[PDB]
Amino acid sequence: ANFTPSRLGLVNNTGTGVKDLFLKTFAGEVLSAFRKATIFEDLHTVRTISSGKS
Amino acid sequence: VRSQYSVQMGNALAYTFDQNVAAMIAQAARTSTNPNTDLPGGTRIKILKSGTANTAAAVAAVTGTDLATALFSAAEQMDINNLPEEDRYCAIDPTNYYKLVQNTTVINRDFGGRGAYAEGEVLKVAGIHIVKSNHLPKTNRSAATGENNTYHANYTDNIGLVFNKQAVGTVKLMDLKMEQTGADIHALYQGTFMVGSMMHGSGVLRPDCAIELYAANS
Amino acid sequence: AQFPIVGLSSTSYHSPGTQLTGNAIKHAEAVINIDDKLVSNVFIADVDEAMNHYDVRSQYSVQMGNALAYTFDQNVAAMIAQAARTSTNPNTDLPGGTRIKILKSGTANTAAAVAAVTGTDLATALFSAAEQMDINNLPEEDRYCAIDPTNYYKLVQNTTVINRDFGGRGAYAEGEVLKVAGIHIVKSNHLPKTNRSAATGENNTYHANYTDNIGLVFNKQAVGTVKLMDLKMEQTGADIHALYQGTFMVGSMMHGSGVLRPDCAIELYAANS
Amino acid sequence: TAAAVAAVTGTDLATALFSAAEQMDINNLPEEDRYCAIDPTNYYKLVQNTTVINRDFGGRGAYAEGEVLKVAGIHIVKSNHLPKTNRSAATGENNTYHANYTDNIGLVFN
Amino acid sequence: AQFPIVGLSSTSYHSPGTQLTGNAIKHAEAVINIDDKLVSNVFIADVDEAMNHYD
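Now for a look at the structure at hand. (Residues numbered from 1 in each chain as written, not as in the entry; some residues may be left out. Chains lettered and ligands numbered in written order. Part of a larger assembly, values for the part shown. Heavy atoms only, no water.)

**Notes on the sheet that holds strand 9 (residues 246-259) of chain C**
All names here are of chain C.
Part 1 of the reasoning: In space, the three strands of this open sheet follow the order 3-9-8, with antiparallel pairing throughout. At either margin of the open sheet sits one strand with a lone partner, and together these are strand 3 (38-45) and strand 8 (223-236). Taken pair by pair, the neighbouring strands of this sheet meet at an average axis angle of 10°, ignoring direction.
Part 2 of the reasoning: Sheet analysis places strand 3 next to strand 9, joined by eight bridges and oriented antiparallel. Note on strand 9: the bridge partner recorded for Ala45 is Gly246.
Part 3 of the reasoning: Here helix 2 (residues 57-84) sits on the sheet and contacts strand 3, strand 8 and strand 9; the angle it forms with strand 9, its principal contact strand, is near 15°. (Pairing = 2+ DSSP bridges. Helix = DSSP H or I, 4+ residues; strand = E, 2+ residues; numbered from the N terminus. Axes fitted to C-alpha atoms, helices over the stretch in contact; angles between N-to-C directions. Contact = heavy atoms within 4.5 Å.)

**Overview of the interface of chain C and chain A**
Part 1 of the reasoning: With 15 residues of chain C in contact, the opposing surface of chain A contributes twelve residues.
Part 2 of the reasoning: For the chain C and chain A pair, buried surface summed over both sides reaches about 1,100 Å², with 47% attributable to carbon and sulfur atoms.
Part 3 of the reasoning: Across the chain C-chain A interface, the total number found is zero salt bridges.
Part 4 of the reasoning: Tallied by class, residues from the side of chain C that touches chain A come to five nonpolar, eight polar and two charged. (Buried area = accessible area lost by both parts, 1.4 Å probe. Salt bridge = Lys/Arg side-chain N within 4 Å of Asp/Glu carboxyl O. Nonpolar A, V, L, I, M, F, W, Y, C, P; charged D, E, K, R; others polar.)

**Structural notes on the pairing of strand 10 (residues 265-271) of chain C**
Residues and elements named next belong to chain C.
Part 1 of the reasoning: Buried residues dominate strand 10, accounting for seven of its seven residues.
Part 2 of the reasoning: Alternating residues of strand 10 divide into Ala265, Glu267, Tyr269 and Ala271 and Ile266, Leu268 and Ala270, and every residue in both groups is buried.
Part 3 of the reasoning: One ladder, built from six bridges, connects strand 4 (residues 98-103) with strand 10; its direction is parallel. Residue pairing in the sheet places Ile100 in a bridge with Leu268 of strand 10.
Part 4 of the reasoning: Alignment of strand 7 (residues 213-218) against strand 10, held across five bridges, turns out to be antiparallel. (Buried < 20%, exposed > 50% of the residue type's maximum accessible area, 1.4 Å probe, protein only.)

**With respect to the sheet that holds strand 2 (residues 89-92) of chain B**
Residues and elements named next belong to chain B.
Part 1 of the reasoning: An order of 1-10-7-2-6-5 is seen for the six strands of this open sheet, with the pairing classed as mixed. Bordering the open sheet on either side are strand 1 (43-48) and strand 5 (124-125), each of which pairs with just one other strand.
Part 2 of the reasoning: Judged from the four bridges that link them, strand 2 and strand 7 (residues 158-163) form a sheet pairing that is antiparallel. Paired with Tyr89 across the strands is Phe163, a residue of strand 7.

**Observations regarding the packing of helix 2 (residues 10-26) of chain D against helix 3 (residues 40-47) of chain D**
Residue and element names in this part refer to chain D.
Part 1 of the reasoning: Between helix 2 and helix 3, the shortest axis-to-axis distance is 8 Å and the interhelical angle comes to 95°. The pairing of helix 2 with helix 3 is recorded here as roughly perpendicular in orientation. Judged by residue contacts, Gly10, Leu13, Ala14 and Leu17 of helix 2 engage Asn42, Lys45 and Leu46 from helix 3.
Part 2 of the reasoning: Along the lines of polarity and charge, the residues of the contact of helix 2 with helix 3 split into four nonpolar, two polar and one charged. (Parallel < 35°, antiparallel > 145°, perpendicular 65-115°, else oblique.)

**A word on the interface of chain B and chain A**
Part 1 of the reasoning: Listed as interface residues are 27 residues of chain B and, on the opposing side, 19 residues of chain A.
Part 2 of the reasoning: Summed over the three residues of chain B that lose the most area to chain A, namely B:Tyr15, B:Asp18 and B:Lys172, the buried surface amounts to 24% of that side.
Part 3 of the reasoning: Joining chain B to chain A, the criterion identifies ten residue pairs in polar contact.
Part 4 of the reasoning: Elements that contribute at least two residues to the side of chain B that touches chain A include exactly helix 1 (2-29), strand 2, strand 6 (128-132) and strand 8 (168-181) of chain B.
Part 5 of the reasoning: In terms of residue count, the dominant contributor to the side of chain B that touches chain A is helix 1 of chain B (ten residues).
Part 6 of the reasoning: The residue inventory of the side of chain B that touches chain A, partitioned by class, reads 14 nonpolar, nine polar and four charged.
Part 7 of the reasoning: Sheet analysis places strand 1 (residues 45-48) of chain A next to strand 8 of chain B, joined by four bridges and oriented parallel. Across the sheet, the residue bridging to A:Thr45 is B:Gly169, located in strand 8 of chain B. (Polar contact = N/O pair within 3.5 Å; in protein donor to acceptor, adjacent residues only side chain to side chain.)

Laid out in structure tokens, this is it:
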């Protein structure tokens, strides 16, 4: 031993819980979700009209 | 957060379009009579299972041999209606796909090959390309506001679709668009608003180029 | 936001040839939350602006800024009182808050005791607070006392607080305005004098019973504030004008206040037996 | 008991690998970089199953070289650090590593 | 350290003339703690070193 640290995290030097005055930080990366495969866009007929209801 | 919301909205629109297209293909498969009286109509193939009442136990009991026989019957039906021998497709879900792959006959290079046990894939059976999709119609559907075409039916016993490129068509009027408001909306409502919208419609063209595979009892 | 607090060390004599080990220092923290958004708004039609003489934009902006400042002051004063009412410092090495009592009646805790305070009791309480501030090892600069006009002009007429111009510098250094033996005495109308209830949108503890309050003796470090967005003025003139003819103005600000050091605050209050 | 762990054969491992591949497909995972960590005993129990190395269907293996490389689209690697014994909490760990891993066989991850 | 997660969105139909309001998005996070410090050490003498013929 031969040393007595201050521990910098205890409050009032009493009890356990030596990580009470430390904060949590932003890692830097956001997870989000996966993109499902979409195959029906092709394999069918696509047309386009400039006016009209049908 | 404004970089992820745009991706999520675009993905949601694409997923909705895919689900609608698949539902329309199934509906074309279920059409008994062609709009033109002379031409033939759609046809469904039934996998008999047991004497049980109509339940999902029949869907859960399907084996790979039944799937192979159903695919061959579908190819026969496609050839009866004088369809071309190119661009035939089959859409199946991962459970049935991997029940089919483990059937070693379809990947045997000694007969016809076109598969790989190591890669865990099958590519072609009876001349029909095989693909996987998670957006097949597998529930019952109810009519919703804003739908001018009939998308609703009961798809509880669906297994897969065998179709062509000419079975279903779509019409587009307005393309995709992304908009965001920040000039005066910010002061009235302390915030920001983002939109994404598009307009189109889908329908059934040729009922005779679509086939439905379903599992039920007597 | 978090404000860490560091304690104090100790010393001893060394015997030659022996290893040094070291002592420990106490630590603590003070946390201040952030409240909701505070807004002030108004709407002016187009006919009135067409028919008017002078400019109303600047006057309205000034009035909005003044209102926001008044609310901020009231919150800060309530926080100073709450700091004075804290018995135990978060860091054990440091002392806590104090309250000085003035006995002035035979009834229960009432308004007669508050209305019956004379100048001699005020001078005695002032000097007691000064002694207590000296005991707490507070710095000699920036010592203040806040008191309302009635008690202010009750106290100024007293003959003891005269001819005591010495002490620290502090603010209000423009010549001589207000000073008693190092304490600067100022007037304010925003002291907490009524018992206060909780309001939605406040994420700190401002509510208490302040009906016995008389004055506050404090320092510059008793209360702290944390600003997230500073003061900002906005105005809409593009599509609002077309939708409904007129102009809209907003003024908003975001912050929060809390207690930092209860040993830098003292409160004077009047009660009975 | 460990008697169940000691009775596993290669057919069970192949079936489990196919089930894992199907479940990965359901969860919308990408089609590349899927791994399977397995200990030498189960690795050489799986190699002895001639179907998984049969070049008639898919190949990707060798009985003489004593290796199998890919099953159902999943890469297969060997490791000696798989968790197999129940673990107790030790001082200095600020996470939760302790559990009862006595029934572990393999891991399929990403 | 904290890793935030973002969920999926939805779609609907618009009636002409009315105003759009908006939908909600699910949120969560994952946290990873920091362990203590691992060490490995050894001490080599000089006489015992001289009782050696290799390095």
